[PDB]
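J.:
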Amino acid sequence: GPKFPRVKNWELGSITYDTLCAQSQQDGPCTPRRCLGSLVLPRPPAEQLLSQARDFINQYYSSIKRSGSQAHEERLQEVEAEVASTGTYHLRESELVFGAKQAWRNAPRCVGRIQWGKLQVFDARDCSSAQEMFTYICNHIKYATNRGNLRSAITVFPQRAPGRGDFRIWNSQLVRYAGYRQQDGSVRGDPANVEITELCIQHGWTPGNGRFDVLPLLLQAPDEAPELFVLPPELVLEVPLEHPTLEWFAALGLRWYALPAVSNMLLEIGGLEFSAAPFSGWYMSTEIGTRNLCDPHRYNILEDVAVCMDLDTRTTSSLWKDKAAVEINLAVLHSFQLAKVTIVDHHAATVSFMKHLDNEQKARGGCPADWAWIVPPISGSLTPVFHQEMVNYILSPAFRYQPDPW
Amino acid sequence: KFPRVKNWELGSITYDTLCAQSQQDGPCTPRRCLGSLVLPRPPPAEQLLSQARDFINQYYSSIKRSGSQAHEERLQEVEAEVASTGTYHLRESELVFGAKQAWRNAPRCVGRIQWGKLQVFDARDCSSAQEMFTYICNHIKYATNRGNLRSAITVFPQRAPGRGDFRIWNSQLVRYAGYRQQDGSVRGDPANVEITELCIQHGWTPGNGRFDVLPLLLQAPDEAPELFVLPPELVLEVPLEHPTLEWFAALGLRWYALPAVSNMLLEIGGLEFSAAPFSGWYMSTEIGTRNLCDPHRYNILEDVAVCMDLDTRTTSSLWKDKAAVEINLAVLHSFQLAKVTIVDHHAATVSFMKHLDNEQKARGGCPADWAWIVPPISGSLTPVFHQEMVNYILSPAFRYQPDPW
Ligand code: HEM
Ligand code: HEM
Ligand SMILES: Cc1cc(N)nc(CCc2cccc(CCc3cc(C)nc(N)c3)c2)c1
Ligand SMILES: Cc1cc(N)nc(CCc2cccc(CCc3cc(C)nc(N)c3)c2)c1
Ligand SMILES: C[C@H](O)[C@H](O)[C@H]1CNc2nc(N)[nH]c(=O)c2N1
Ligand SMILES: C[C@H](O)[C@H](O)[C@H]1CNc2nc(N)[nH]c(=O)c2N1
Ligand SMILES: [Zn+2]
Numbered sequence: 067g068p069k070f071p072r073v074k075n076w077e078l079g080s081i082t083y084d085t086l087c088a089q090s091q092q093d094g095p096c097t098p099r100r101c102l103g104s105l106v107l108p109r120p121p122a123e124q125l126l127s128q129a130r131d132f133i134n135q136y137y138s139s140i141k142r143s144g145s146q147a148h149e150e151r152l153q154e155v156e157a158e159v160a161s162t163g164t165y166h167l168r169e170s171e172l173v174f175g176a177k178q179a180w181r182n183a184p185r186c187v188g189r190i191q192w193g194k195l196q197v198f199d200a201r202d203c204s205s206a207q208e209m210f211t212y213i214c215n216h217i218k219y220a221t222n223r224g225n226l227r228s229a230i231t232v233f234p235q236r237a238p239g240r241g242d243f244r245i246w247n248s249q250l251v252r253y254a255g256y257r258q259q260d261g262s263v264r265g266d267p268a269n270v271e272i273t274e275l276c277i278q279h280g281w282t283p284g285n286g287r288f289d290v291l292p293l294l295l296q297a298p299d300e301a302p303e304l305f306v307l308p309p310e311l312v313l314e315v316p317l318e319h320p321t322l323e324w325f326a327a328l329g330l331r332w333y334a335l336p337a338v339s340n341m342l343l344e345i346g347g348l349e350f351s352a353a354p355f356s357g358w359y360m361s362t363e364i365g366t367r368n369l370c371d372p373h374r375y376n377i378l379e380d381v382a383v384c385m386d387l388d389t390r391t392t393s394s395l396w397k398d399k400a401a402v403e404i405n406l407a408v409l410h411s412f413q414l415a416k417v418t419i420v421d422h423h424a425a426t427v428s429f430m431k432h433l434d435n436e437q438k439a440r441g442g443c444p445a446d447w448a449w450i451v452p453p454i455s456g457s458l459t460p461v462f463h464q465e466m467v468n469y470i471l472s473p474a475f476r477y478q479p480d481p482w
Numbered sequence: 069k070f071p072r073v074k075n076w077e078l079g080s081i082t083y084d085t086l087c088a089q090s091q092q093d094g095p096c097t098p099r100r101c102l103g104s105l106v107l108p109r119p120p121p122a123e124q125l126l127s128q129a130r131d132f133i134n135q136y137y138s139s140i141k142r143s144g145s146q147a148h149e150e151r152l153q154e155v156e157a158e159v160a161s162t163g164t165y166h167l168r169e170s171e172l173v174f175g176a177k178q179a180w181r182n183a184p185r186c187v188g189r190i191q192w193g194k195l196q197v198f199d200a201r202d203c204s205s206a207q208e209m210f211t212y213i214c215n216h217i218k219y220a221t222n223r224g225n226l227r228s229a230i231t232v233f234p235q236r237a238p239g240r241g242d243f244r245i246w247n248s249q250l251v252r253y254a255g256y257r258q259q260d261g262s263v264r265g266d267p268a269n270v271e272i273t274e275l276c277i278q279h280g281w282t283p284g285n286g287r288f289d290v291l292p293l294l295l296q297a298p299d300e301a302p303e304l305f306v307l308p309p310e311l312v313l314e315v316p317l318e319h320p321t322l323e324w325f326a327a328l329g330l331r332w333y334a335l336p337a338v339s340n341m342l343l344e345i346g347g348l349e350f351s352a353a354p355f356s357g358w359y360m361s362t363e364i365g366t367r368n369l370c371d372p373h374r375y376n377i378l379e380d381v382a383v384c385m386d387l388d389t390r391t392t393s394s395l396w397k398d399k400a401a402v403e404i405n406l407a408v409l410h411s412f413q414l415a416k417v418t419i420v421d422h423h424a425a426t427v428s429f430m431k432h433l434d435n436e437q438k439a440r441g442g443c444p445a446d447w448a449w450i451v452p453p454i455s456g457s458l459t460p461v462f463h464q465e466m467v468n469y470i471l472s473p474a475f476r477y478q479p480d481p482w
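Chain order of the listed sequences is A and B. In terms of the UniProt record's numbering, the first sequence is residues 67 to 109, 120 to 482. In terms of the UniProt record's numbering, the second sequence is residues 69 to 109, 119 to 482.
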């Protein structure tokens with residue numbers, strides 16, 4: 067065959083070669099000596125910026141089928157002259173739209189990519205206060221939430237400037253429950269959010285005392301202290317959780333919010349960096365039902381639920397963890413459906429990712445995918461992705477992790 | 069240089085320094101990770126000699142006699158043999174050390190906490206496929222032990238540059254026939270269609286059940302392979318029943334007791350053992366989840382779920398996840414009832430976590446393959462899911478090798 071990775075699906079016996087990886091311009095964490103594929107995180121001046129800009133502009137003109145043309149070479153020229161005199165440059169409106177989608181398309185760890193082409197891109201590159209950031213975010217939440225008929229969106233605030241503070245959103249997600257450190261070492265609420273909760277209270281937030289207290293937003297305009305904003309409750313749609321047949325489940329008082337809106341990622345496009353570009357899609361049920369509710373280091377509710385189920389938790393072989401997790405996941409789906417709020421179960425999501433893989437094979441000759449992340453945390457081999465070999469690599473545009481602002 | 073390895077459940081951190089002793093390139097490069105690929109697509122005296130030096134070193138260190146007379150003189154012996162003959166031979170205790178280390182170094186094995194408890198049968202004085210069969214039967218009888226399974230390996234003659242390999246054609250010592258039917262269908266185990274046809278082409282009379290224990294096709298150098306039927310009484314099987322669902326037993330589902338891989342090459346200090354079958358015991362997900370629920374194996378999930386009267390019309394009723402658990406439960410219960418060793422995936426991974434700990438203290442790390450160590454149901458309900466892992470190749474090692482046909 068060719069000298070590109072051969073890629074096998076073991077369920078179906080089919081083979082593809084990934085030619086897209088040749089486009090990768092950035093090294094990941096692996097070497098021939100050892101694979102670091104399972105680590106969650108592993109570790120601008122003119123020369124560097126310009127070639128990255130050049131690459132992206134090429135990408136753009138390729139996508140509108142005008143590669144090599146006059147409008148393409150002039151834009152190239154327009155870019156290098158702007159870098160020549162200010163040291164940075166700016167994207168045209170449709171370039172941002174293209175690059176933002178491309179970043180979602182390029183994201184190895186997102187199972188939701190069948191939807192990449194359908195993203196609402198809000199340009200907020202005129203935003204100039206923390207207050208204004210709030211407004212923008214509120215509009216984003218209203219739009220995307222669409223009373224339950226969730227719609228994918230991204231709001232792009234202004235880019236990193238040479239010696240100028242960043243636009244940052246301190247919260248890792250637009251909606252997050254509080255995590256209060258107790259005197260008995262324990263945590264009331266979401267243990268994932270202890271630090272940000274503590275940051276909020278330090279910046280003047282009067283705290284609650286519940287397992288599902290919605291956090292305020294800490295929003296930071298350049299060179300300024302972060303300002304604190306409460307989201308009006310009518311804007312934050314939540315779903316109380318109940319089970320289709322286990323009647324007692326409604327009595328646990330569990331709930332989740334509708335809009336999964338990540339806010340601490342860096343969005344890189346042709347070398348430009350947008351430190352505040354929160355984006356939102358809709359949940360896969362396992363995120364809430366398996367990770368958020370059952371992780372030993374989150375809500376940790378598995379024992380509570382299995383007791384109500386009257387299962388034998390004294391021993392592992394009764395599969396009590398497995399039984400409860402299934403019921404909790406099904407409660408997530410049932411309650412989301414009932415409330416008429418968009419959700420996708422881990423089966424549908426994975427099937428649709430297989431179709432996305434097939435599209436991308438036809439379109440780009442491959443698709444970067446992080447197997448450990450794409451395969452769900454329950455019912456793994458029950459879904460088709462488990463049986464699909466994946467190649468992982470960094471394409472740009474991209475979303476990156478970035479340091480916390482404090 | 070040294071990767072930072074983090075457990076996200078507990079926030080704890082370690083550093084793998086062991087991976088520096090890796091001498092053998094895997095499939096990844098800085099440009100792209102290939103960690104999810106299942107397989108990768119006389120060695121000049123210099124190379125055999127240095128792999129051998131390294132192995133002997135490991136061995137004399139393992140017995141704390143590193144640098145003594147017996148150490149130097151055994152290096153002499155190896156230097157003498159390679160120089161004269163282009164190869165050398167292992168002493169039984171060294172072979173015994175090698176095997177255990179190959180198990181220890183197996184990144185895709187969740188059972189390594191047991192790595193030091195391994196019965197090693199030297200079969201290197203085997204000259205016929207007939208003799209291989211005798212050895213294979215003793216191994217089975219030993220390893221099964223009336224249901225109280227004991228880890229074991231039998232090691233057949235090494236490879237030799239002149240000649241064909243000693244090989245076991247079957248991929249496990251015990252396997253159920255897969256028969257392709259006219260109607261594109263498969264009766265029995267779809268993984269074993271090829272090997273069933275081979276048996277038939279070499280004169281096996283096939284049954285036609287869903288669970289026909291296949292015969293061994295055993296091959297001595299440069300001779301046609303030979304057919305040998307395992308005496309039904311050496312093959313312990315467990316019928317499947319369910320703790321609460323009375324109807325489950327009527328499905329007539331069954332699985333064998335002894336998981337005994339037989340197609341992997343074992344490399345020790347540069348010598349290659351092309352037939353070296355090994356067995357431990359099962360982890361339930363292998364039978365309950367993969368073997369019975371894989372769409373391309375027995376594929377029983379729909380059947381079961383209908384028995385359970387679940388809504389099969391839609392994915393969001395979680396009929397697959399619900400049926401899957403019942404099947405893994407049926408498996409554990411049935412083995413526990415039949416007094417045959419089995420570990421559920423919670424117990425197994427908890428113990429693997431501990432093994433990761435022992436190895437850290439012992440060696441500065443543990444090569445591990447995250448995609449294989451995390452079980453195929455309830456991944457994140459297990460501690461291994463939250464554990465970062467460094468994968469690489471240490472020697473002694475089990476490798477894959479081509480099919481002998
Ligand atoms: C439309 C519905 C969507 C679904 C069902 C979905 C699904 C997921 C899931 C399950 C994860 C794993 C996260 C975790 O386990 O914590 C993920 C990661 C990710 N998602 Fe999506 N997503 C969707 C929309 C989007 C959108 C609109 C974007 C951005 C435009 C996006 C970008 C990403 C990125 C960049 C990651 C990687 C995060 C990391 O590196 O840790 N997704 N996605
Ligand atoms: C004693 C109990 C044992 C348990 C519970 C256990 C468990 C497992 C499991 C679940 C796998 C993945 C299996 C699959 O999905 O196909 C595996 C792989 C493996 N096991 Fe173990 N194992 C045990 C003993 C042993 C022994 C005795 C050896 C050899 C001395 C061994 C060597 C290996 C090797 C080399 C692999 C890697 C297979 C590959 O790379 O394809 N294991 N083990
Ligand atoms: C749009 C969207 C849809 C969906 N269904 N789920 C999500 C959640 C994805 C998600 C969740 C937590 C966290 C991240 C980014 C991880 C992350 C990022 C940074 C900057 N630092 C860290 N320490 C960790 C991404 C997002
Ligand atoms: C010792 C042991 C214990 C246990 N619980 N299960 C097993 C079975 C695991 C098992 C089964 C078939 C085969 C292998 C490795 C050989 C192997 C070889 C090739 C070419 N492809 C594969 N997918 C696998 C491993 C073995
Ligand atoms: C150690 C491991 O990389 C880590 O636990 C990963 C595994 N896979 C995951 N997959 C998804 N989708 N989300 C996650 O948070 C994780 N966690
Ligand atoms: C393609 C993917 O790597 C493949 O399906 C792997 C995943 N993890 C596995 N894990 C185990 N234990 N056994 C397997 O066969 C597999 N298959
Ligand atoms: Zn890798």
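Heads up, the beta-carbon is just placed ideally off N, CA and C, and yes, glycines get one too.
Using the C-alpha atoms, what's the distance from residue 482 of chain A back to residue 109 of chain A?
T.: 19 angstroms
J.: In whole angstroms, what separates the C-alpha of residue 405 of chain A from that of residue 413 of chain A?
T.: 12 angstroms
J.: Please say whether residue 291 of chain B and residue 272 of chain B have beta carbons closer to each other than 8 angstroms?
T.: yes
J.: State yes or no: is the C-beta of residue 466 of chain B within less than 8 angstroms of the C-beta of residue 445 of chain B?
T.: yes
J.: Which ranges would you report for the alpha helix (DSSP H) in the region 267–326 of chain A if only whole runs of at least 4 residues count?
T.: Segments of the alpha helix (DSSP H) lying fully in the region 267–326 of chain A: 270–278.
J.: Can you pull every residue whose C-beta falls closer than 6 angstroms to some heavy atom of ligand 6, listed in chain order?
T.: With the cut-off at 6 angstroms, the residues found are A/76, A/462, A/463, A/465, B/104, B/106, B/448, B/449.
J.: For the alpha helix (DSSP H) containing residue 398 of chain A, list its first residue and its last residue.
T.: Going by DSSP, residue 398 of chain A is part of the alpha helix (DSSP H) stretching over 396–414.
J.: Between the region 453–466 of chain B and chain A, which residues of the former have a C-beta closer than 7 angstroms to a C-beta of the latter?
T.: 453, 454, 455, 456, 457, 458, 462, 465, 466
J.: Taking CB distances under 8 angstroms as the criterion, tell me whether residue 332 of chain B reaches chain A.
T.: no
J.: Could you please go through the chain and list the residues whose beta-carbon is closer than 7 angstroms to any non-hydrogen atom of ligand 3?
T.: A/107, A/188, A/248, A/249, A/336, A/337, A/338, A/340, A/341, A/355, A/356, A/357, A/358, A/359, A/360, A/363, A/477, A/478
J.: State yes or no: is the C-beta of residue 87 of chain B nearer than 7 angstroms to some heavy atom of ligand 7?
T.: No.
J.: Would you report the Cα separation of residue 198 of chain A and residue 331 of chain B, rounded to the nearest angstrom?
T.: 58 angstroms
J.: With distances taken between CB atoms, is the gap from residue 354 of chain B to residue 337 of chain B smaller than 8 angstroms?
T.: Yes, the pair counts as a contact, with Cβ atoms nearer than the cut-off.
J.: Report yes or no: do the region 273–289 of chain B and the region 250–260 of chain B share at least 3 C-beta pairs separated by less than 8 angstroms?
T.: The answer is yes - the region 250–260 of chain B touches the region 273–289 of chain B, with three or more Cβ pairs under 8 angstroms.
J.: Taking 6 angstroms as the limit between beta carbons, can you name the residues of its chain near residue 74 of chain B, skipping five residues before and five after?
T.: 81, 465
J.: How about residue 275 of chain B and residue 230 of chain B: are their beta carbons less than 8 angstroms apart?
T.: no
J.: Using three-state DSSP, classify residue 101 of chain A as helix, strand or coil.
T.: strand
J.: Helix, strand or coil, according to DSSP, for residue 345 of chain B in the structure here?
T.: strand
J.: Between residue 118 of chain A and residue 104 of chain A, is the Cβ-Cβ spacing less than 8 angstroms?
T.: The structure shown gives no position for residue 118 of chain A: in chain A, residue numbering passes from 109 to 120 with nothing in between.
J.: Measuring CB to CB, does residue 452 of chain B end up less than 8 angstroms from residue 97 of chain A?
T.: no
J.: Looking only at C-alpha atoms, which of A/87, A/67, A/141, A/188 sits nearest to residue 431 of chain A?
T.: A/188
J.: Excluding the 5 residues flanking residue 410 of chain B on each side, which residues of the same chain have their C-beta closer than 8 angstroms to its C-beta?
T.: 318, 319, 320
J.: Please tell me whether residue 94 of chain A has its Cβ less than 8 angstroms away from any Cβ of chain B.
T.: yes
J.: Ends of the beta strand (DSSP E) at residue 196 of chain A?
T.: 196–199
J.: Distance, Cα to Cα, residue 129 of chain A vs residue 155 of chain A?
T.: 8 angstroms
J.: Given a threshold of 16 other Cβ atoms within 10 Å of its Cβ, counted over all protein chains shown, does residue 70 of chain B qualify as buried or as exposed?
T.: exposed
J.: Quick check on residue 200 of chain A - is its C-beta less than 8 angstroms from some C-beta in chain B?
T.: Using beta-carbon distances, residue 200 of chain A does not count as an interface residue toward chain B, since no partner is under 8 angstroms.
J.: For residue 329 of chain B, which of B/265, B/133, B/148 has the nearest alpha-carbon?
T.: B/265
J.: Under the DSSP definition of a beta bridge, which residues are partnered with residue 72 of chain B?
T.: B/83
J.: Under 8 angstroms Cβ-Cβ, which residues of chain A neighbour residue 77 of chain B?
T.: Ordered by position in chain A, the residues that pass the 8 angstroms Cβ test against residue 77 of chain B are 371, 372, 373.
J.: Going by other Cβ atoms of all chains shown within 10 Å of its Cβ, with 16 needed for buried, is residue 211 of chain B buried or exposed?
T.: Counting Cβ neighbours within 10 Å, residue 211 of chain B comes out exposed, since fewer than 16 surround it.
J.: Quick one: what's got a C-beta closer than 8 angstroms to residue 221 of chain B's C-beta in the same chain, skipping five residues either side?
T.: 311, 313, 334, 335
J.: Quick test of your reading: residue 359 of chain A and residue 419 of chain A, contact by CB under 8 angstroms. State the CB separation rounded to the nearest angstrom.
T.: 5 angstroms
J.: Taking Cβ positions, are residue 437 of chain A and residue 348 of chain A nearer each other than 8 angstroms?
T.: no
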